[PDB]
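What follows is one structure encoded as structure tokens, with my remarks underneath.
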Amino acid sequence: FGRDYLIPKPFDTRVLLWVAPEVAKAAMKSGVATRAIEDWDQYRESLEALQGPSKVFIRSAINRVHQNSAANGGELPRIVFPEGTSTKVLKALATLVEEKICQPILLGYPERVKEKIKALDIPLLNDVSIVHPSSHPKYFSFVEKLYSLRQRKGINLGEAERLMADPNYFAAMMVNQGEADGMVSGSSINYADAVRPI
Amino acid sequence: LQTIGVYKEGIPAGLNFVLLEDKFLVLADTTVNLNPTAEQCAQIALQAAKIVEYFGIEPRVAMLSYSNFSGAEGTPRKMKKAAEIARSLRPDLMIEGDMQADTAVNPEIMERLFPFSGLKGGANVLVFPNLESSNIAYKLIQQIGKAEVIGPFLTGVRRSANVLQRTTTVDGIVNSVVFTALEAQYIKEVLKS
């Protein structure tokens with residue numbers, strides 16, 4: 001509570017529980033009520049029941065992500081999407097960046113993805129970073145890392161190099177090392193293949 | 001095995017030498033165990049190793065597989081595990097696995113592809129994942145390679161006893177009995193102690 005907070009926010013789920021019974025109190029006390037609410041708690045219960053998750057869960061989710069952003073110096077989460085040429089992914093990202101949900105990072109050959117973004121008429125993603133795995137500065141550093149963790153699980157330097165050029169492994173490694181805060185994949189590939197490098 | 005038996009914690013295991021120009025290789029178990037466990041392969045390695053030490057050589061042990069450091073389900077996992085156990089029992093030795101045979105014997109290959117490995121300078125002790133592989137290897141090398149092969153020598157038993165390969169030649173027997181003599185003398189001494 002303060003100079004920047006004088007009232008509840010519009011979509012506050014608590015408005016109903018505190019206002020409806022006090023209004024009830026005023027109605028009964030003023031004699032304009034024709035049936036009294038006696039069980040105040042059973043009523044508060046009934047009131048909680050009316051605004052369940054099917055109506056508000058995602059609302060609160062997005063609100064919470066925004067508040068998280070505010071408390072973090074305004075920084076948005078870097079979420080990498082390795083299937084940068086996937087039309088469903090791009091279409092989602094239009095909405096997602098419009099409503100400020102994350103900082104998307106796309107993976108692939110820059111020309112192909114820019115052609116795709118133009119083909120689909122999504123003007124909101126012209127700012128989004130696009131990286132080709134082999135051409136990233138930390139690439140070789142990443143391959144080293146993979147090597148060191150999987151050298152006795154069938155992966156040597158050659159193989160590490162080969163894999164890290166795969167957008168899935170690259171996304172995974174970025175997240176691992178903190179060069180991204182999270183990743184979303186599997187839009188155009190079966191789940192096992194998408195989840196395995198993770 | 002019924003009369004004399006194994007010594008404490010030992011495992012009966014056949015062992016051969018391949019006498020090359022720069023080195024000798026020890027192959028085990030070439031005769032007894034169909035499909036030894038990780039735990040058994042480790043013990044076999046230990047027995048081979050102490051024999052190599054008797055001849056004043058540093059044992060360097062590789063657990064052979066069809067795989068290179070994959071540890072995949074099956075023989076890779078068994079040999080990788082065997083190497084781990086061996087290393088715990090004899091922490092001073094170079095013991096490594098899972099690896100293929102050329103990776104094992106050839107230090108250049110080892111350095112080029114798998115420098116992380118703790119096996120350096122090539123292995124002189126090769127322990128096999130199953131009886132098919134060991135028995136066939138030593139017999140093939142003996143026939144078509146151009147190197148003397150001696151053995152098998154029965155390892156793991158309390159007293160001195162060795163079983164010839166029935167395909168042996170007379171010089172084969174001559175060599176085998178030499179090493180049985182060596183063993184016989186060693187055990188007598190130790191006992192007499």
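Ordering of the structure tokens sets the chain letters (A, B, ...); residue numbers start at 1 within each chain; ligands are numbered from 1 in the order shown.
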
Can you list every residue of chain B that has an atom at most 12 Å from chain A, with its nearest atom pair and the distance in Å to one decimal, using only C-alpha atoms, ordered by chain then number, as a tab-separated table?
residue	atom	partner	partner_atom	distance
B:67	CA	A:154	CA	8.5
B:68	CA	A:154	CA	6.9
B:69	CA	A:152	CA	4.7
B:70	CA	A:154	CA	3.8
B:71	CA	A:153	CA	5.9
B:72	CA	A:153	CA	7.3
B:73	CA	A:153	CA	10.8
B:76	CA	A:153	CA	9.9
B:77	CA	A:153	CA	9.9
B:80	CA	A:152	CA	8.9
B:81	CA	A:152	CA	11.6
B:96	CA	A:152	CA	11.0
B:97	CA	A:152	CA	9.2
B:98	CA	A:152	CA	8.6
B:99	CA	A:152	CA	10.3
B:110	CA	A:156	CA	11.7
B:111	CA	A:156	CA	11.8
B:112	CA	A:157	CA	10.2
B:113	CA	A:156	CA	7.1
B:114	CA	A:156	CA	6.9
B:115	CA	A:156	CA	9.4
B:116	CA	A:151	CA	7.8
B:117	CA	A:152	CA	9.0
B:118	CA	A:152	CA	11.7

For the selection you just gave me, I'd like the residues written to a file as a JSON list (two decimals), in the first residue's frame, keeping N, CA, C and O atoms.
[["chain", "number", "residue", "atom", "x", "y", "z"],
["B", 67, "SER", "N", 32.58, -51.35, -28.27],
["B", 67, "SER", "CA", 32.22, -49.94, -28.18],
["B", 67, "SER", "C", 33.36, -49.06, -27.63],
["B", 67, "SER", "O", 34.25, -49.56, -26.92],
["B", 68, "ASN", "N", 33.32, -47.76, -27.96],
["B", 68, "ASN", "CA", 34.25, -46.80, -27.36],
["B", 68, "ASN", "C", 33.62, -45.85, -26.37],
["B", 68, "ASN", "O", 33.00, -44.87, -26.78],
["B", 69, "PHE", "N", 33.84, -46.11, -25.09],
["B", 69, "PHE", "CA", 33.39, -45.22, -24.01],
["B", 69, "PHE", "C", 31.92, -44.79, -24.16],
["B", 69, "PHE", "O", 31.59, -43.61, -24.04],
["B", 70, "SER", "N", 31.03, -45.75, -24.43],
["B", 70, "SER", "CA", 29.61, -45.46, -24.60],
["B", 70, "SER", "C", 28.83, -45.87, -23.36],
["B", 70, "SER", "O", 27.82, -45.24, -23.00],
["B", 71, "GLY", "N", 29.26, -46.96, -22.74],
["B", 71, "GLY", "CA", 28.62, -47.44, -21.54],
["B", 71, "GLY", "C", 27.14, -47.75, -21.75],
["B", 71, "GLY", "O", 26.39, -47.84, -20.79],
["B", 72, "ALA", "N", 26.75, -47.91, -23.01],
["B", 72, "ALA", "CA", 25.40, -48.27, -23.37],
["B", 72, "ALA", "C", 25.03, -49.60, -22.73],
["B", 72, "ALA", "O", 25.90, -50.40, -22.38],
["B", 73, "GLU", "N", 23.72, -49.83, -22.58],
["B", 73, "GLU", "CA", 23.18, -51.09, -22.03],
["B", 73, "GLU", "C", 23.83, -52.29, -22.68],
["B", 73, "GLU", "O", 24.03, -52.28, -23.88],
["B", 76, "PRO", "N", 28.95, -52.75, -23.22],
["B", 76, "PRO", "CA", 29.64, -51.52, -22.83],
["B", 76, "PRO", "C", 29.49, -51.21, -21.35],
["B", 76, "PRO", "O", 30.47, -50.90, -20.68],
["B", 77, "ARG", "N", 28.26, -51.27, -20.85],
["B", 77, "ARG", "CA", 28.05, -50.96, -19.44],
["B", 77, "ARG", "C", 28.81, -51.98, -18.59],
["B", 77, "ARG", "O", 29.38, -51.61, -17.57],
["B", 80, "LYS", "N", 32.64, -51.02, -18.77],
["B", 80, "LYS", "CA", 32.86, -49.74, -18.12],
["B", 80, "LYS", "C", 32.78, -49.96, -16.63],
["B", 80, "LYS", "O", 33.61, -49.45, -15.84],
["B", 81, "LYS", "N", 31.79, -50.74, -16.22],
["B", 81, "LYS", "CA", 31.64, -51.00, -14.80],
["B", 81, "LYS", "C", 32.87, -51.79, -14.28],
["B", 81, "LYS", "O", 33.49, -51.40, -13.27],
["B", 96, "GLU", "N", 41.10, -49.05, -17.73],
["B", 96, "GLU", "CA", 40.14, -48.22, -18.43],
["B", 96, "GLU", "C", 39.15, -49.05, -19.26],
["B", 96, "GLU", "O", 39.44, -50.18, -19.64],
["B", 97, "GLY", "N", 37.97, -48.48, -19.53],
["B", 97, "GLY", "CA", 36.95, -49.15, -20.34],
["B", 97, "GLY", "C", 35.66, -48.35, -20.27],
["B", 97, "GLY", "O", 35.56, -47.41, -19.46],
["B", 98, "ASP", "N", 34.68, -48.64, -21.14],
["B", 98, "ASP", "CA", 34.74, -49.62, -22.23],
["B", 98, "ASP", "C", 35.49, -49.09, -23.47],
["B", 98, "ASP", "O", 35.41, -47.89, -23.81],
["B", 99, "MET", "N", 36.18, -49.97, -24.18],
["B", 99, "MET", "CA", 36.89, -49.58, -25.40],
["B", 99, "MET", "C", 37.09, -50.73, -26.37],
["B", 99, "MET", "O", 37.10, -51.91, -25.97],
["B", 110, "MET", "N", 44.15, -43.97, -29.10],
["B", 110, "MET", "CA", 43.65, -43.53, -27.81],
["B", 110, "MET", "C", 43.78, -42.02, -27.61],
["B", 110, "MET", "O", 42.79, -41.37, -27.25],
["B", 111, "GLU", "N", 44.97, -41.46, -27.86],
["B", 111, "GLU", "CA", 45.20, -40.02, -27.75],
["B", 111, "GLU", "C", 44.42, -39.18, -28.76],
["B", 111, "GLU", "O", 44.05, -38.03, -28.49],
["B", 112, "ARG", "N", 44.20, -39.72, -29.95],
["B", 112, "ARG", "CA", 43.58, -38.92, -30.99],
["B", 112, "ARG", "C", 42.07, -38.79, -30.77],
["B", 112, "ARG", "O", 41.48, -37.73, -31.00],
["B", 113, "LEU", "N", 41.46, -39.86, -30.28],
["B", 113, "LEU", "CA", 40.01, -39.88, -30.19],
["B", 113, "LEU", "C", 39.47, -39.71, -28.79],
["B", 113, "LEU", "O", 38.39, -39.14, -28.58],
["B", 114, "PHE", "N", 40.22, -40.22, -27.81],
["B", 114, "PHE", "CA", 39.73, -40.24, -26.45],
["B", 114, "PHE", "C", 40.80, -39.87, -25.46],
["B", 114, "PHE", "O", 41.16, -40.68, -24.61],
["B", 115, "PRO", "N", 41.35, -38.65, -25.58],
["B", 115, "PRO", "CA", 42.45, -38.23, -24.71],
["B", 115, "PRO", "C", 42.04, -38.12, -23.25],
["B", 115, "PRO", "O", 42.90, -38.09, -22.37],
["B", 116, "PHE", "N", 40.74, -38.07, -22.99],
["B", 116, "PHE", "CA", 40.27, -37.96, -21.61],
["B", 116, "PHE", "C", 40.56, -39.25, -20.85],
["B", 116, "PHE", "O", 40.68, -39.26, -19.62],
["B", 117, "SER", "N", 40.73, -40.34, -21.59],
["B", 117, "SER", "CA", 40.93, -41.65, -20.99],
["B", 117, "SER", "C", 42.12, -41.67, -20.04],
["B", 117, "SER", "O", 43.06, -40.90, -20.18],
["B", 118, "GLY", "N", 42.06, -42.52, -19.03],
["B", 118, "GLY", "CA", 43.14, -42.63, -18.09],
["B", 118, "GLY", "C", 44.12, -43.70, -18.50],
["B", 118, "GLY", "O", 45.02, -44.05, -17.75]]

What parts of chain B does DSSP call helix (DSSP H, G or I)? I'd like the answer as JSON, numbers by chain. {"B": [38, 39, 40, 41, 42, 43, 44, 45, 46, 47, 48, 49, 50, 51, 52, 53, 54, 75, 76, 77, 78, 79, 80, 81, 82, 83, 84, 85, 86, 87, 88, 89, 101, 102, 103, 104, 105, 107, 108, 109, 110, 111, 112, 113, 131, 132, 133, 134, 135, 136, 137, 138, 139, 140, 141, 142, 143, 144, 170, 171, 172, 173, 174, 175, 176, 177, 178, 179, 180, 181, 182, 183, 184, 185, 186, 187, 188, 189, 190, 191, 192]}

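Neighbours of residue B:58 closer than or equal to 10 Å, with only C-alpha atoms counted and sequence neighbours fewer than 5 positions away skipped, come out as residues 49, 50, 52, 53, 93, 94, 123, 124 and 125 of chain B.
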
Can you write out the residues you just picked, keeping N, CA, C and O atoms, as a PDB file, in the first residue's frame?
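Below you can see out-v4.pdb, which holds the result:
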ATOM      1  N   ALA B  49      47.036 -58.737 -13.816  1.00  0.00           N
ATOM      2  CA  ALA B  49      47.917 -57.663 -13.451  1.00  0.00           C
ATOM      3  C   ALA B  49      49.030 -58.162 -12.558  1.00  0.00           C
ATOM      4  O   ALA B  49      50.200 -57.880 -12.800  1.00  0.00           O
ATOM      5  N   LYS B  50      48.683 -58.898 -11.516  1.00  0.00           N
ATOM      6  CA  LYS B  50      49.716 -59.336 -10.583  1.00  0.00           C
ATOM      7  C   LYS B  50      50.673 -60.269 -11.318  1.00  0.00           C
ATOM      8  O   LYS B  50      51.894 -60.239 -11.092  1.00  0.00           O
ATOM      9  N   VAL B  52      51.502 -59.970 -14.533  1.00  0.00           N
ATOM     10  CA  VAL B  52      52.355 -59.083 -15.285  1.00  0.00           C
ATOM     11  C   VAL B  52      53.428 -58.468 -14.381  1.00  0.00           C
ATOM     12  O   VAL B  52      54.593 -58.322 -14.776  1.00  0.00           O
ATOM     13  N   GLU B  53      53.049 -58.147 -13.153  1.00  0.00           N
ATOM     14  CA  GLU B  53      53.990 -57.542 -12.230  1.00  0.00           C
ATOM     15  C   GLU B  53      55.094 -58.531 -11.886  1.00  0.00           C
ATOM     16  O   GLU B  53      56.256 -58.154 -11.757  1.00  0.00           O
ATOM     17  N   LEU B  93      46.714 -48.474 -10.607  1.00  0.00           N
ATOM     18  CA  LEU B  93      46.918 -48.978 -11.941  1.00  0.00           C
ATOM     19  C   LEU B  93      46.143 -48.178 -12.977  1.00  0.00           C
ATOM     20  O   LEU B  93      45.136 -47.543 -12.681  1.00  0.00           O
ATOM     21  N   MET B  94      46.637 -48.199 -14.205  1.00  0.00           N
ATOM     22  CA  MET B  94      45.895 -47.647 -15.316  1.00  0.00           C
ATOM     23  C   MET B  94      44.900 -48.706 -15.763  1.00  0.00           C
ATOM     24  O   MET B  94      45.273 -49.720 -16.346  1.00  0.00           O
ATOM     25  N   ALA B 123      47.599 -50.404 -23.675  1.00  0.00           N
ATOM     26  CA  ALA B 123      47.356 -51.413 -22.653  1.00  0.00           C
ATOM     27  C   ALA B 123      48.144 -52.690 -22.923  1.00  0.00           C
ATOM     28  O   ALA B 123      48.303 -53.066 -24.075  1.00  0.00           O
ATOM     29  N   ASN B 124      48.614 -53.372 -21.881  1.00  0.00           N
ATOM     30  CA  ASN B 124      49.246 -54.672 -22.085  1.00  0.00           C
ATOM     31  C   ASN B 124      48.415 -55.779 -21.454  1.00  0.00           C
ATOM     32  O   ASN B 124      48.718 -56.973 -21.598  1.00  0.00           O
ATOM     33  N   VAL B 125      47.340 -55.393 -20.785  1.00  0.00           N
ATOM     34  CA  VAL B 125      46.443 -56.393 -20.258  1.00  0.00           C
ATOM     35  C   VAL B 125      45.041 -56.215 -20.860  1.00  0.00           C
ATOM     36  O   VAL B 125      44.384 -55.192 -20.627  1.00  0.00           O
TER      37      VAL B 125
END

List the neighbours of stretch 142-144 of chain A out to 6 Å using only C-alpha atoms; skip same-chain residues closer than 5 positions along the sequence, and give me the result as a ChimeraX atom specification. /A:160-161,164

For residue B:95, list every protein, DNA or RNA residue within 7 Å, evaluated using only C-alpha atoms, and leave out those in the same chain fewer than 3 positions away; present the list as number ranges by chain. B: 60-62, 83, 86-87, 119

Could those selected residues go to a file with C-alpha atoms, as an mmCIF file, in the first residue's frame?
data_model
loop_
_atom_site.group_PDB
_atom_site.id
_atom_site.type_symbol
_atom_site.label_atom_id
_atom_site.label_comp_id
_atom_site.auth_asym_id
_atom_site.auth_seq_id
_atom_site.Cartn_x
_atom_site.Cartn_y
_atom_site.Cartn_z
ATOM 1 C CA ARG B 60 47.951 -51.263 -18.027
ATOM 2 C CA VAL B 61 44.471 -52.769 -18.318
ATOM 3 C CA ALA B 62 41.698 -52.338 -20.877
ATOM 4 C CA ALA B 83 37.012 -50.954 -15.210
ATOM 5 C CA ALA B 86 39.166 -52.744 -10.932
ATOM 6 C CA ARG B 87 40.243 -49.167 -10.379
ATOM 7 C CA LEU B 119 44.876 -45.259 -20.198
#

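Excluding residue B:139 itself and same-chain residues fewer than 5 positions from it, the residues having an atom within 10 Å of it are residues 16, 30, 134, 144, 145, 149, 165 and 167 of chain B, counting only C-alpha atoms.
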
Spatial neighbours of residue B:40, 10 Å, only C-alpha atoms, chain gap at least 3 places, as number ranges by chain: B: 9-13, 29, 33, 35-37, 43-46, 82, 85-86, 129

Report the distance between atom CA of residue A:169 and atom CA of residue A:198 in Å, rounded to one decimal place.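 Separation of atom CA of residue A:169 and atom CA of residue A:198: 7.1 Å.
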